[PDB]
>>> print(open('data-v9.cif').read())   # mmCIF, C-alpha atoms
data_coords
#
loop_
_atom_site.group_PDB
_atom_site.id
_atom_site.type_symbol
_atom_site.label_atom_id
_atom_site.label_comp_id
_atom_site.auth_asym_id
_atom_site.auth_seq_id
_atom_site.Cartn_x
_atom_site.Cartn_y
_atom_site.Cartn_z
ATOM 1 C CA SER A 1 0.000 0.000 0.000
ATOM 2 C CA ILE A 2 0.932 3.642 -0.232
ATOM 3 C CA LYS A 3 1.094 3.841 3.543
ATOM 4 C CA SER A 4 3.280 0.743 3.906
ATOM 5 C CA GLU A 5 5.765 1.921 1.279
ATOM 6 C CA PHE A 6 5.832 5.420 2.725
ATOM 7 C CA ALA A 7 6.601 4.265 6.253
ATOM 8 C CA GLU A 8 9.327 1.894 5.070
ATOM 9 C CA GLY A 9 10.909 4.621 2.958
ATOM 10 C CA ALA A 10 10.728 7.016 5.884
ATOM 11 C CA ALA A 11 12.538 4.530 8.108
ATOM 12 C CA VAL A 12 15.330 4.134 5.530
ATOM 13 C CA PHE A 13 15.583 7.935 5.372
ATOM 14 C CA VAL A 14 15.882 8.019 9.184
ATOM 15 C CA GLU A 15 18.640 5.413 9.036
ATOM 16 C CA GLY A 16 20.493 7.314 6.318
ATOM 17 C CA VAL A 17 20.253 10.620 8.143
ATOM 18 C CA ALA A 18 21.539 8.979 11.325
ATOM 19 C CA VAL A 19 24.475 7.394 9.487
ATOM 20 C CA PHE A 20 25.239 10.730 7.849
ATOM 21 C CA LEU A 21 25.272 12.568 11.186
ATOM 22 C CA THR A 22 27.512 9.862 12.663
ATOM 23 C CA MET A 23 29.844 10.155 9.681
ATOM 24 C CA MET A 24 30.097 13.938 10.101
ATOM 25 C CA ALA A 25 31.050 13.456 13.745
ATOM 26 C CA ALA A 26 33.625 10.807 12.867
ATOM 27 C CA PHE A 27 35.151 13.102 10.273
ATOM 28 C CA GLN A 28 35.421 15.940 12.782
ATOM 29 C CA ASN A 29 36.989 13.580 15.342
ATOM 30 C CA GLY A 30 39.564 12.357 12.849
ATOM 31 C CA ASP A 31 38.267 8.785 12.622
ATOM 32 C CA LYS A 32 38.673 8.223 8.881
ATOM 33 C CA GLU A 33 38.413 4.448 9.158
ATOM 34 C CA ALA A 34 34.919 4.939 10.574
ATOM 35 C CA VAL A 35 34.143 7.493 7.849
ATOM 36 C CA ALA A 36 35.072 4.872 5.247
ATOM 37 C CA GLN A 37 32.687 2.351 6.800
ATOM 38 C CA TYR A 38 29.832 4.863 6.933
ATOM 39 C CA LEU A 39 30.392 5.870 3.292
ATOM 40 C CA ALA A 40 30.145 2.201 2.321
ATOM 41 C CA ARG A 41 26.922 1.851 4.325
ATOM 42 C CA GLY A 42 25.414 4.960 2.753
ATOM 43 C CA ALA A 43 25.848 3.262 -0.611
ATOM 44 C CA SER A 44 23.592 0.306 0.228
ATOM 45 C CA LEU A 45 21.147 2.681 1.911
ATOM 46 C CA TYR A 46 20.952 4.592 -1.394
ATOM 47 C CA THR A 47 19.946 1.461 -3.275
ATOM 48 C CA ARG A 48 17.460 0.433 -0.593
ATOM 49 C CA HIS A 49 15.869 3.879 -0.606
ATOM 50 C CA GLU A 50 15.706 4.151 -4.387
ATOM 51 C CA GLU A 51 13.733 0.903 -4.607
ATOM 52 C CA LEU A 52 11.211 2.139 -2.027
ATOM 53 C CA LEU A 53 10.869 5.505 -3.767
ATOM 54 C CA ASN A 54 10.111 3.779 -7.073
ATOM 55 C CA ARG A 55 7.527 1.507 -5.450
ATOM 56 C CA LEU A 56 5.858 4.435 -3.680
ATOM 57 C CA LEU A 57 5.751 6.630 -6.795
ATOM 58 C CA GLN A 58 4.108 3.841 -8.826
ATOM 59 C CA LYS A 59 1.415 3.449 -6.171
ATOM 60 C CA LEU A 60 0.824 7.185 -5.850
ATOM 61 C CA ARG A 61 0.494 7.599 -9.605
ATOM 62 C CA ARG A 62 -2.028 4.800 -9.846
ATOM 63 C CA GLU A 63 -4.217 6.217 -7.074
ATOM 64 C CA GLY A 64 -4.051 9.705 -8.636
ATOM 65 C CA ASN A 65 -3.256 11.816 -5.543
ATOM 66 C CA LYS A 66 -2.050 15.023 -7.250
ATOM 67 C CA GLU A 67 -0.564 16.847 -4.249
ATOM 68 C CA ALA A 68 1.257 13.731 -3.091
ATOM 69 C CA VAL A 69 2.517 12.945 -6.600
ATOM 70 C CA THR A 70 4.071 16.383 -7.111
ATOM 71 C CA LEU A 71 5.750 16.348 -3.693
ATOM 72 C CA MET A 72 7.064 12.837 -4.319
ATOM 73 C CA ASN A 73 8.374 14.039 -7.680
ATOM 74 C CA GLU A 74 10.345 16.782 -5.939
ATOM 75 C CA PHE A 75 11.649 14.337 -3.336
ATOM 76 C CA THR A 76 12.777 11.861 -5.988
ATOM 77 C CA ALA A 77 14.228 14.527 -8.278
ATOM 78 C CA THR A 78 16.264 15.853 -5.343
ATOM 79 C CA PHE A 79 17.313 12.321 -4.394
ATOM 80 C CA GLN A 80 18.485 11.575 -7.928
ATOM 81 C CA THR A 81 20.153 14.928 -8.636
ATOM 82 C CA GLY A 82 21.801 14.816 -5.206
ATOM 83 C CA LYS A 83 23.732 11.723 -6.252
ATOM 84 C CA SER A 84 26.144 14.108 -7.954
ATOM 85 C CA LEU A 85 27.063 15.589 -4.571
ATOM 86 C CA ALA A 86 27.455 12.113 -3.083
ATOM 87 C CA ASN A 87 29.845 11.152 -5.863
ATOM 88 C CA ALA A 88 31.896 14.289 -5.264
ATOM 89 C CA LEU A 89 32.001 13.500 -1.530
ATOM 90 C CA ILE A 90 33.340 10.043 -2.327
ATOM 91 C CA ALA A 91 35.921 11.508 -4.699
ATOM 92 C CA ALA A 92 37.171 13.861 -1.984
ATOM 93 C CA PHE A 93 37.472 10.905 0.400
ATOM 94 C CA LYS A 94 39.530 8.927 -2.136
ATOM 95 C CA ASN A 95 41.735 11.974 -2.833
ATOM 96 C CA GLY A 96 42.404 12.674 0.833
ATOM 97 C CA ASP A 97 40.948 16.143 0.276
ATOM 98 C CA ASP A 98 39.420 16.843 3.677
ATOM 99 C CA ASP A 99 38.595 20.463 2.871
ATOM 100 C CA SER A 100 36.462 19.320 -0.067
ATOM 101 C CA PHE A 101 35.000 16.489 1.987
ATOM 102 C CA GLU A 102 33.926 18.982 4.665
ATOM 103 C CA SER A 103 32.408 21.309 2.062
ATOM 104 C CA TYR A 104 30.319 18.552 0.507
ATOM 105 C CA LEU A 105 29.149 17.234 3.907
ATOM 106 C CA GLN A 106 27.765 20.657 4.710
ATOM 107 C CA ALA A 107 26.201 21.122 1.278
ATOM 108 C CA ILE A 108 24.650 17.624 1.368
ATOM 109 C CA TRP A 109 23.181 18.340 4.812
ATOM 110 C CA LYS A 110 21.367 21.357 3.355
ATOM 111 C CA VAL A 111 19.785 19.081 0.749
ATOM 112 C CA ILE A 112 18.897 16.412 3.361
ATOM 113 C CA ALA A 113 17.146 19.105 5.399
ATOM 114 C CA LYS A 114 15.088 20.120 2.370
ATOM 115 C CA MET A 115 14.235 16.477 1.669
ATOM 116 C CA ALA A 116 13.062 16.013 5.268
ATOM 117 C CA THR A 117 10.752 18.992 4.850
ATOM 118 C CA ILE A 118 9.275 17.496 1.673
ATOM 119 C CA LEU A 119 8.893 14.099 3.335
ATOM 120 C CA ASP A 120 6.860 15.659 6.140
ATOM 121 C CA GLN A 121 4.615 17.272 3.528
ATOM 122 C CA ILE A 122 4.170 13.928 1.740
ATOM 123 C CA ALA A 123 3.062 12.339 4.997
ATOM 124 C CA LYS A 124 0.394 15.008 5.363
ATOM 125 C CA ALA A 125 -0.857 14.518 1.793
ATOM 126 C CA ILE A 126 -1.264 10.710 1.735
#
>>> encode(input="data-v9.cif", output="structure tokens")
Amino acid sequence: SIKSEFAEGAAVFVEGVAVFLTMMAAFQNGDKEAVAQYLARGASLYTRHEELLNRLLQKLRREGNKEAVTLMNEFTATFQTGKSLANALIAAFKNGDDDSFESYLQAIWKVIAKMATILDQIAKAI
């Protein structure tokens, strides 16, 4: 159902946000081995989330909920376009470029915050 897919996607979002916050703290504390593990985990969370977003969008389009569809479109467009920032973050990790890594963490967080606002609006429109 729409509600089942939404709740499962929300829980993956919560996991990803938590991992991201933990990764920012590890980076600040100079624990790069932990940062590497969190970056690897974020990758599988991306795949898990993308599947749930697809499933939810299919169900929303079939039921014809216009407000929820347009919000979900913005969430998914941001999720997909934001992959470019994630790839740059990974590149900075591989290059040992901590200044760039820091910059992308802070820019990504701004996007995550926007996505969390959209997600709350989706919950109120389903």
>>> atom_distance(input="data-v9.cif", atom1="atom CA of residue 72 of chain A", atom2="atom CA of residue 51 of chain A")
13.7 Å
>>> closest_residue(input="data-v9.cif", among="A:35, A:118, A:52, A:125", to="residue 19 of chain A", atoms="only C-alpha atoms")
A:35
>>> closest_residue(input="data-v9.cif", among="A:10, A:112, A:2, A:17", to="residue 60 of chain A", atoms="only C-alpha atoms")
A:2
>>> atom_distance(input="data-v9.cif", atom1="atom CA of residue 86 of chain A", atom2="atom CA of residue 105 of chain A")
8.8 Å
>>> closest_residue(input="data-v9.cif", among="A:36, A:53, A:23, A:14", to="residue 96 of chain A", atoms="all atoms listed in the file")
A:36
>>> atom_distance(input="data-v9.cif", atom1="atom CA of residue 103 of chain A", atom2="atom CA of residue 38 of chain A")
17.3 Å
>>> closest_residue(input="data-v9.cif", among="A:82, A:66, A:121, A:45", to="residue 18 of chain A", atoms="all atoms listed in the file")
A:45
>>> closest_residue(input="data-v9.cif", among="A:85, A:11, A:39, A:69", to="residue 107 of chain A", atoms="all atoms listed in the file")
A:85
>>> resolve_selection(input="data-v9.cif", expression="the PyMOL selection byres ((chain A and resi 79) around 10)", output="PDB file with C-alpha atoms, in the coordinates of the input")
ATOM      1  CA  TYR A  46      20.952   4.592  -1.394  1.00  0.00           C
ATOM      2  CA  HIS A  49      15.869   3.879  -0.606  1.00  0.00           C
ATOM      3  CA  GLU A  50      15.706   4.151  -4.387  1.00  0.00           C
ATOM      4  CA  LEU A  53      10.869   5.505  -3.767  1.00  0.00           C
ATOM      5  CA  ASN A  73       8.374  14.039  -7.680  1.00  0.00           C
ATOM      6  CA  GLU A  74      10.345  16.782  -5.939  1.00  0.00           C
ATOM      7  CA  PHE A  75      11.649  14.337  -3.336  1.00  0.00           C
ATOM      8  CA  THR A  76      12.777  11.861  -5.988  1.00  0.00           C
ATOM      9  CA  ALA A  77      14.228  14.527  -8.278  1.00  0.00           C
ATOM     10  CA  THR A  78      16.264  15.853  -5.343  1.00  0.00           C
ATOM     11  CA  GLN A  80      18.485  11.575  -7.928  1.00  0.00           C
ATOM     12  CA  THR A  81      20.153  14.928  -8.636  1.00  0.00           C
ATOM     13  CA  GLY A  82      21.801  14.816  -5.206  1.00  0.00           C
ATOM     14  CA  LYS A  83      23.732  11.723  -6.252  1.00  0.00           C
ATOM     15  CA  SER A  84      26.144  14.108  -7.954  1.00  0.00           C
ATOM     16  CA  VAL A 111      19.785  19.081   0.749  1.00  0.00           C
ATOM     17  CA  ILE A 112      18.897  16.412   3.361  1.00  0.00           C
ATOM     18  CA  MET A 115      14.235  16.477   1.669  1.00  0.00           C
TER      19      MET A 115
END
>>> residues_near_point(input="data-v9.cif", point="(32.1, 15.6, -2.5)", cutoff="8 Å", atoms="all atoms listed in the file", output="list in words")
residues 85, 86, 87, 88, 89, 90, 91, 92, 93, 100, 101, 103, 104 and 105 of chain A
>>> closest_residue(input="data-v9.cif", among="A:65, A:95, A:44, A:106", to="residue 126 of chain A", atoms="only C-alpha atoms")
A:65
>>> resolve_selection(input="data-v9.cif", expression="the PyMOL selection byres ((chain A and resi 1) around 12)", output="ChimeraX atom specification")
/A:2-8,52,55-60,62-63,126
>>> axis_aligned_box(input="data-v9.cif", around="segment 85-100 of chain A", padding_each_side="6 Å", output="lines of an AutoDock Vina configuration file")
center_x = 34.7
center_y = 14.7
center_z = -1.1
size_x = 27.3
size_y = 23.5
size_z = 21.5
>>> decode(input="data-v9.cif", residues="segment 80-107 of chain A", atoms="N, CA and C atoms", output="short mmCIF file (atom, residue, chain, number, x, y, z; two decimals), in the first residue's frame")
data_model
loop_
_atom_site.label_atom_id
_atom_site.label_comp_id
_atom_site.auth_asym_id
_atom_site.auth_seq_id
_atom_site.Cartn_x
_atom_site.Cartn_y
_atom_site.Cartn_z
N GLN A 80 17.71 12.01 -6.78
CA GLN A 80 18.49 11.58 -7.93
C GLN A 80 19.55 12.60 -8.28
N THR A 81 19.18 13.89 -8.29
CA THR A 81 20.15 14.93 -8.64
C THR A 81 21.22 15.03 -7.56
N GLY A 82 20.85 14.76 -6.30
CA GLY A 82 21.80 14.82 -5.21
C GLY A 82 22.88 13.76 -5.28
N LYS A 83 22.68 12.72 -6.08
CA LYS A 83 23.73 11.72 -6.25
C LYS A 83 25.02 12.37 -6.73
N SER A 84 24.93 13.46 -7.49
CA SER A 84 26.14 14.11 -7.95
C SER A 84 26.98 14.61 -6.79
N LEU A 85 26.33 15.16 -5.75
CA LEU A 85 27.06 15.59 -4.57
C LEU A 85 27.68 14.40 -3.85
N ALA A 86 26.94 13.30 -3.75
CA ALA A 86 27.46 12.11 -3.08
C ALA A 86 28.70 11.61 -3.79
N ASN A 87 28.68 11.63 -5.12
CA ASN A 87 29.84 11.15 -5.86
C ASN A 87 31.04 12.05 -5.63
N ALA A 88 30.80 13.36 -5.53
CA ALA A 88 31.90 14.29 -5.26
C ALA A 88 32.46 14.09 -3.86
N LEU A 89 31.58 13.82 -2.88
CA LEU A 89 32.00 13.50 -1.53
C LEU A 89 32.91 12.29 -1.53
N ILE A 90 32.51 11.24 -2.24
CA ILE A 90 33.34 10.04 -2.33
C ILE A 90 34.68 10.36 -2.99
N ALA A 91 34.66 11.15 -4.05
CA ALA A 91 35.92 11.51 -4.70
C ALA A 91 36.85 12.23 -3.73
N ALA A 92 36.32 13.14 -2.93
CA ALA A 92 37.17 13.86 -1.98
C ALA A 92 37.74 12.92 -0.93
N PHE A 93 36.96 11.93 -0.51
CA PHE A 93 37.47 10.90 0.40
C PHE A 93 38.64 10.13 -0.22
N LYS A 94 38.47 9.69 -1.47
CA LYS A 94 39.53 8.93 -2.14
C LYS A 94 40.77 9.78 -2.38
N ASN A 95 40.61 11.08 -2.58
CA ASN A 95 41.74 11.97 -2.83
C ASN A 95 42.39 12.48 -1.55
N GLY A 96 41.84 12.15 -0.40
CA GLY A 96 42.40 12.67 0.83
C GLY A 96 42.20 14.16 0.98
N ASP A 97 41.20 14.70 0.29
CA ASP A 97 40.95 16.14 0.28
C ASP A 97 39.89 16.43 1.34
N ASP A 98 40.35 16.65 2.57
CA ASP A 98 39.42 16.84 3.68
C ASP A 98 38.69 18.17 3.58
N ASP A 99 39.32 19.21 3.03
CA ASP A 99 38.60 20.46 2.87
C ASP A 99 37.40 20.29 1.93
N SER A 100 37.59 19.56 0.83
CA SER A 100 36.46 19.32 -0.07
C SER A 100 35.44 18.41 0.60
N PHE A 101 35.92 17.38 1.29
CA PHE A 101 35.00 16.49 1.99
C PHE A 101 34.10 17.28 2.93
N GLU A 102 34.70 18.15 3.75
CA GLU A 102 33.93 18.98 4.67
C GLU A 102 32.88 19.81 3.93
N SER A 103 33.30 20.46 2.83
CA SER A 103 32.41 21.31 2.06
C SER A 103 31.21 20.53 1.54
N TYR A 104 31.44 19.33 1.02
CA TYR A 104 30.32 18.55 0.51
C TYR A 104 29.43 18.01 1.63
N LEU A 105 30.00 17.65 2.79
CA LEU A 105 29.15 17.23 3.91
C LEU A 105 28.15 18.33 4.25
N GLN A 106 28.62 19.57 4.29
CA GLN A 106 27.77 20.66 4.71
C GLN A 106 26.75 20.99 3.63
N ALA A 107 27.14 20.86 2.37
CA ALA A 107 26.20 21.12 1.28
C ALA A 107 25.15 20.02 1.19
#
